[PDB]
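Shown here is one chain on its own, the form deposited in one PDB entry, set out as structure tokens.
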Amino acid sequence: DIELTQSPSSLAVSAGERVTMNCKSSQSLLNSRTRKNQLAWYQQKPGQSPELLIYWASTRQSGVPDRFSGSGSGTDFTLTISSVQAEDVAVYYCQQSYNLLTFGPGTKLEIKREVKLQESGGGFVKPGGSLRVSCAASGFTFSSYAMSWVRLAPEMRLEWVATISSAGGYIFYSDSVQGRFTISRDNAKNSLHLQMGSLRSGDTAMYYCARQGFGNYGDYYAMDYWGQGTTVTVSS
């Protein structure tokens, strides 16, 4: 039951300055069996899905400019940008996978002046209703990756809700959706579904399917490809 805090919540700087953002974990994230700090960092610009910046506290994701680096171990972590740029405006979140899957509250950074996951099926419903968001996968071997649904509630916070394993043998839910939501996958047609029942206003969010990444040296404990996000609005 790990709580991550981030600081500062918000700051504005000028192009080219260095910034450091911190992430403090209420409990150590260094896993002694695996040798790794199960902590990742995401950048989310407005109107887009999160993008994986760093995992294992310090390993930069492929394709990320090297002005981004991650540091720290145990309970205190840091993301720094050496010479920030205009395209670096976004909210930055840290994310631990030591116990379940939980995100920090985010740091909003302002500047003072063929893998595809296409989603479908959001919309409006009233409390008690049901909806089914879905995720079509293309451009990679769907049946090798575990897949996850995480949402962005209006209040700026990301929240993991469900995970299904690569072959579909193992299924995990957040307590906040357990018994109401049902995740499923079909590895024959490369699709992922979230069947949502007994919807409540707290369920209103942008909903993202996302691929649990892994490499030749182990799972990232992070998600490297996200769909575009479909809105779910619980009514009245």
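One-based numbering along the sequence shown.
One more form of this protein, deposited with a partner chain bound, exists but is not displayed; see below.
Taken together, the three residues 38, 98 and 143 all come within 4.5 Å of the partner chain in the bound PDB entry, as judged by their closest heavy atom. Contact annotation: residue 163 falls within 4.5 Å of the partner chain in the bound PDB entry, judged by heavy atom distances. Using a 4.5 angstroms threshold between heavy atoms, residue 16 stays clear of the partner chain in the bound PDB entry. When the partner chain is considered in the bound PDB entry, residue 48 lies well away from it, no heavy atom lying within 4.5 Å. Using a 4.5 Å cutoff between non-hydrogen atoms, residue 191 does not count as a contact of the partner chain in the bound PDB entry. Segments offered: 70-78, 83-91, 99-107, 150-158. Contacting the partner chain in the bound PDB entry at heavy atom distances within 4.5 Å is 99-107. A single residue from the set 62, 178, 201, 32 has any heavy atom within 4.5 angstroms of the partner chain in the bound PDB entry; that residue is 32. Checked against the partner chain in the bound PDB entry, the residues 26, 182, 174, 187 give one hit for a heavy atom within 4.5 Å, which is 187.
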